[PDB]
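Participant: this is the structure alone, sequence omitted:
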Ligand SMILES: O=C(O)CCc1nc(-c2ccccc2)c(-c2cc(Cl)cc(Cl)c2)o1
Ligand SMILES: O=C(O)CCc1nc(-c2ccccc2)c(-c2cc(Cl)cc(Cl)c2)o1
C-alpha cells in the first residue's frame, strides 16, 4: 500500500 | 596482515 | 527519435530548485515529490502500467536522488548542496557519524562529475537509464523497460559522439559511474533503515513510505 | 595495443577448470587461488605496487568470482555450475535459505549472458574493468588504475564493433551488467559475513582471510 507514491503518479499534471 | 594473498602475489609463476 | 535527449534535459530543467542527518532526510523527503514529477516528464514513463511505474521508482529512487545532489554539488568543495539550499561539508558529515559514505559520494560521484564536467543532458540520460531498470522485480513487461533503457543509452552515445567528439571514451566513462551509484545507493539505504529503526532522526511521511 | 584482448582472453583460458552453502564456500575458497593466478596474467597488473595489487583484489574478488561462475553457467538451466564440477539448482539454493540472491544471479547475470551470448573475451574484459577499479580505497596511484580501466574498455568497444558489428549497443549492454554485479557482490558478501559470524558453515582459510 504505497499510498503517497500511487496518488502522485495518477495526478495528471 | 593478508598473509595468504600477499604470498600468492609475490610467487613468480 | 523515440527517446530524444532534448526532452530528458527539459525533465531535469523543469524540476530545478542542527543534525546534518535530519537536514539530509528533510531534503530527501522534499525531493521524493520532485522525483515523481521528473519521472513523468521522461518520455514513455507515464505510458507504463501504474504498477510498473511504482516498481521502477521503488527500485530507483535512492540512486535517482543521489545522482541529482551529486551533480548539483560539482561546484562545491569537500561538501554537497541539498535541495533545501543548505550545503553540507564533509567535516559535518564525519561529526554526525556518516563520514565514510559521505567521502564515497565526494570521491566516486561528485569529483568524477567535476573532473569530466558531466553536463545536465548526461545526468538526465544516466538517471533515465537508472529509472528504466529492467532487473526491477515484478515488472509486467521487462522487455519494454529494457527497450526503453536501450533507446536512452543509444541517444546518450550519439549526444556524446556529437557534443564531445574529442572524448571517444566519454560514453563508457558515464556508464561506469553507475556501479558506484548502485553501491552508494545501497549503503545510503542501509543508513536510513538504521535512522528509522532507532528513532534518532525525524523521517517525514514519503521518505518513511519508501523505507517500508 | 597497450591492453590487447588476446592476452585478457588467454588469462581466462589459462585458469579454466549436502549443504549447498558449504559447497559454494569450498568452491569460492578454491577459486580464490585461481583468481590471483588470473590477475597476474592480466596485462600490467603484476607491474602495480604489491600494496595496490592487494587493494584491487580485496576490492574486486567477490565480483570477479561471481562474473566467472555466472558465465560458466550460461548452458545450465535454473542453476549454476561450481568450479568443483558440482551444479547447484535454484530449488537447492531456496532450500538452504539463499533463494533470493540465487534468483538474482540467474535473472540479472546468467540469463543476460545467455541471451546476448557474452563470449569469453567479453567476460575477460568486464572482469579486467572490475579488477582495475580506481575507486578502491588506499591506492598509491588511482590515475594509473583509471588509465588501465580506460585501456580495457577501449579494447572492448573495438572488439565488439569488429566482432559483432550488427549489434551497435552490445558494448553499452556489457557495461550495464556491472551495476547488477556490484549489487549481487555486496549481497553475497553480507551472506558470507553471516555464515562466518554464525559458525553454521565451514569457511576455509583464504575465504576466511578475505572476510577479515
Ligand atoms: O538534497 C537532495 O537532493 C537529497 C539529499 C539526500 N538524499 C539522500 C538519500 C540517500 C539514499 C536514499 C534516499 C535519499 C541523501 C544521503 C546523503 C548522504 Cl551523504 C548519506 C545518506 Cl545516508 C543519505 O541525501
Ligand atoms: O564456483 C565458483 O567459481 C565460485 C562460487 C561462488 N563464489 C561465491 C562468492 C560470492 C561472493 C563473494 C565470494 C564468493 C558464491 C555465491 C553464490 C551464491 Cl548464489 C550465493 C552466495 Cl552467498 C555466494 O559462489
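Facilitator: Perfect, I can see it now. Numbers count the residues shown, from 1 in each chain, chains lettered A, B, ... in the order given. Ligands and ions are numbered 1, 2, ... in the order given.
Participant: ok, for residue C:201, nearest residue in space, not its chain neighbours?
Facilitator: residue C:195 (4.1 Å; C-beta to C-beta, 6 or more residues apart in numbering or on different chains). In short, each C-beta sits where N, CA and C put it, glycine included.
Participant: check residue C:203 too.
Facilitator: residue C:196 (5.4 Å).
Participant: residue C:175 now?
Facilitator: Closest residue in space to residue C:175, ignoring its immediate chain neighbours: residue D:175 at 4.5 Å, by C-beta to C-beta, 6+ apart.
Participant: now do the contacts for the one you found.
Facilitator: With contacts defined as C-beta atoms under 8 Å, 6 or more residues apart in numbering or on different chains, residue D:175 is in contact with C:172, C:175-176, D:126, D:129, D:153.
Participant: out of these, flag the one nearest to chain B.
Facilitator: Compare each of the contacts of residue D:175 with chain B using C-beta to the nearest C-beta and the shortest gap goes to residue D:129, at 20.3 Å.
Participant: pretty sure that closest one is touching residue D:178, no?
Facilitator: Yes - if you go by C-beta atoms under 8 Å, residue D:129 and residue D:178 touch, sitting 7.1 Å apart.
Participant: between those two, which is the more surrounded one?
Facilitator: More neighbours sit around residue D:129 than around the other of residue D:129 and residue D:178, counting by other C-beta atoms under 10 Å in any protein chain shown; the figures are 23 against 20.
Participant: the more buried one: helix or strand, and which one exactly?
Facilitator: When secondary structure is defined by DSSP states H and E, residue D:129 falls within helix D:120-131.
Participant: helix, strand or coil for the nearest residue to residue C:117 once chain neighbours are set aside?
Facilitator: For residue C:117, the nearest residue in space outside its immediate sequence neighbours is residue C:74; the separation is 7.9 Å by C-beta to C-beta, 6+ apart. When the structure is reduced to helix, strand and coil (DSSP: H, G, I helix; E, B strand; the rest coil), residue C:74 reads as coil.
Participant: neighbours around residue C:74, how many?
Facilitator: Counted with other C-beta under 10 Å, residues neighbouring residue C:74 total 18.
Participant: picking that back up, overlap in contacts of residue D:129 and residue D:178?
Facilitator: In the contact map built from C-beta under 8 Å, 6+ apart, the residues linked to both residue D:129 and residue D:178 are residue C:176.
Participant: what's the most centrally placed residue in chain C in contact with, if anything?
Facilitator: The structure's chain C has its C-alpha centroid closest to residue C:64; by C-alpha atoms, centre = their mean the separation is 2.1 Å. Taking C-beta under 8 Å, 6+ apart as the contact definition, residue C:64 lies against C:35, C:38, C:57, C:127, C:130-131.
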